[PDB]
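Handing you this structure, nothing more for now.
Derivation of every value follows stated rules applied to the coordinates shown; laboratory data play no part. Reconstructed Cβ throughout: ideal geometry from the backbone, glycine too, with neighbour counts over all protein chains shown.
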Amino acid sequence: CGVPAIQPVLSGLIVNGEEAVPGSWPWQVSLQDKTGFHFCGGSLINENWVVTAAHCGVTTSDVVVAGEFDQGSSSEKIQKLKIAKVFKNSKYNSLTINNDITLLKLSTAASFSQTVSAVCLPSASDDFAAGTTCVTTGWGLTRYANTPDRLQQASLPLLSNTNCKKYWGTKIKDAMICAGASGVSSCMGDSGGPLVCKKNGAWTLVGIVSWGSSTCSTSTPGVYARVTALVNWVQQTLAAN
Amino acid sequence: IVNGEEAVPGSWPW
């Protein structure tokens, strides 16, 4: 988990981001409705499960697209995987967006390869410190059809919750982690996607793109669901199903 | 406030 067979080039080659090297963020998936409209992103955590944001409203009528979707060679190696069951975290708060996570169990396992693999999940006790340079990816809006522009990537730092509250105040809950405000930003269409940070060489899901500036301002930090706070629920769900 | 510092939706789900 957390190790692309095809290494990302972090300098690059989301607002103010860059195109990823094709196939370099394996776990990144596109959630699309039947008509084929990409509406949120997600991350493969193993061959049978995808983790995304609860506010995205995914249902079994939606499909998970894994692979080199729209990214550099575009329409390339891809797998459209239907969804068998949706597991929304019962602690989801539709008003504050707290505990923004949902698990998707596929009906058909994804076929792993050079271009499709899993992101690593952190342990609940893991410490991802303020200041750490992490990466966020997605096909989301590049300015507040959006056929996705080509998969983008952006390097950005984690913020401490107190530093995040200087911008966002009380909207910031324990289960949220902010990142950015550094010249780049996640944006609409990127929700459910990953915020990854390298721990001992493995890219680990520290956050799930959740919400932020309506404007996707590059000087306001984005808010992500804090996976460390939600991972125990993830483990229980997987063990139960 | 005063200028364009008043976005209404200042925040939104991404």
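When A:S94, A:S182 are ordered from fewest to most other Cβ atoms inside 10 Å of their Cβ, what list results?
Ascending Cβ contact count within 10 Å gives the list A:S94, A:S182.
Which pairs in the list A:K88/A:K173; A:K105/A:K166; A:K91/A:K165 are over 29 Å apart, alpha-carbon to alpha-carbon?
Those over the limit are A:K105/A:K166.
Hey, another quick one. At a 10 Å Cβ-Cβ cut-off, how would you order A:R150, A:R226, fewest neighbours first?
A:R150, A:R226
May I pose another question? ³J(HN,Hα) across region A:194-204 via Karplus (A = 6.51, B = -1.76, C = 1.60, θ = phi - 60°), whole Hz, x for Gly/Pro?
In residue order, the calculated couplings are x, 10, 10, 10, 7, 10, 6, x, 10, 6, 10 Hz.
Another one. More than 27 angstrom separation, counting every C-alpha pair in the protein assembly as shown; what % is that?
More than 27 Å apart: 27 percent of the Cα pairs in the protein assembly as shown.
Assuming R0 = 22 Å, what is the FRET efficiency of A:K82 and A:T35, from their Cβ-Cβ distance, to the nearest 0.05?
0.90
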